[PDB]
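What follows is a single chain, given as structure tokens, in the form deposited in one PDB entry.
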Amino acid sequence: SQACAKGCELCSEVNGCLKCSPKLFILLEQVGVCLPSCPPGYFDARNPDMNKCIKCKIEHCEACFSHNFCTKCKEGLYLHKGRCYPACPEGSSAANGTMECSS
């Protein structure tokens, strides 16, 4: 288009922003946005071509590192490795003062 300035390399009101200025990620669903560090519960992913940032398959996760690894669990639950459980499995005992699972 013409004179679309803001934050992204090629922006058209026809279906939102595309091809973000490096190095930033795109968002989706109205329709498409460009920013750093995709919000919860997305995880930031990077490729050479596409900076597409995705949603984790890990249940109730605020911040993901990957498909199946979660860095910050949701307020209710305990984090053991990459996966989030309501009850710290034993397995290993729970910690306290913060929700984490320590072995």
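In this text, the rigid core denotes the largest set of C-alpha atoms whose superposition between the two forms falls within 1.5 Å. One rule holds for the numbers: they count along the sequence shown, beginning at 1.
- The gap between residue 49 and residue 50 holds no unmodelled residues of the deposited sequence.
- Averaged over their C-alpha atoms, the temperature factors of 16 to 24 and 76 to 84 are higher for 16 to 24.
- Going by the entry's values, 30 shows the largest Cα B-factor out of 68, 30, 37, 71.
Unshown form deposited in another entry; subsequent notes refer to it.
- For residue 79, the Cα coordinates differ by under 2 angstroms between this form and the one not shown after the core has been superposed.
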